[PDB]
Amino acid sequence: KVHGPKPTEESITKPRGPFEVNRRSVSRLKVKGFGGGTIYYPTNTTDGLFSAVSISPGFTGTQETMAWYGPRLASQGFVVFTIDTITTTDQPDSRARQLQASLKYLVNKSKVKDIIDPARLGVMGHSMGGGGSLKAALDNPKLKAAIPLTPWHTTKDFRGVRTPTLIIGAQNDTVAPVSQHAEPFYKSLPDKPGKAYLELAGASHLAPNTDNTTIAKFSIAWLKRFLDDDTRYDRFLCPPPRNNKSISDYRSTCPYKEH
């Protein structure tokens, strides 16, 4: 149950995949467990069901900070929900619950509920939202993928996360320094079902908030591989990338075996 043609380096790095994207706003006034958001979804709803991902911003951030992920990922055959939080000062564990509440809304109530495979749901988030994604995955092992972007959390040990997790760090991050956040998070994760750490060379904490080919490629491959079980994307992930000036460090538990 896969979408799109056989991928190439060229296809996965293009700003848009093969799907046209529609959007629907969800008002803060119409939902309770999070702050509303924007749903980006493939206009072609006549084929198979799609996997879905919710994406959280960080502290003081709104969905505007994450908007680029909407078209970039939805155009690859996903439903993508860029959420706002109840308040912009919500902490990571609250962000976790808001991510889960947003997925519940998407599958139970939203206008696109019947185009989503409710068994194939992921989380992503920036900064405290990335901390939130780790805790959301810890608390719901049914989640099939997590992508914490320059994550920040006071909890450091995520050994209980059973979800395939790609942590994206920023080498020169001073807000969530990788030695204190991304790296301990990654090292704590179990060997299986699959993890990776991708560190963006020369990047700062805000790198996730603007179109980034490296973030896009690896996030598309991760969601394809783990939400869709699409092994045609394994080639992008394993063996780990080499000779990439954008990537200052990479760690993995390649190969990732279907079990």
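When you see a residue number, it is the position in the sequence shown, counting from 1.
Here the stretch with the larger average CA B-factor, out of 88-96 and 128-136, is 88-96. Annotation for 149-157 versus 71-79: the higher mean temperature factor (C-alpha) is found in 71-79.
Of the candidates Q171, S188, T163, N108, it is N108 whose Cα B-factor is highest according to the PDB record.
Note on the listed residues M66, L200, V53, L49: the highest Cα temperature factor in the record is that of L49. Among the modelled residues of its chain, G58 has a C-alpha B-factor that falls in the middle third according to the deposited record. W222: CA B factor in the lowest third of modelled residues in this chain (values from the PDB entry). Per-chain ranking of the deposited C-alpha B factor places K113 in the highest third.
The entry lists a Cα temperature factor for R251 that places it in the lowest third of the chain's modelled residues.
In this PDB entry, the Cα temperature factor of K32 sits in the top third of its chain's modelled residues, the highest group.
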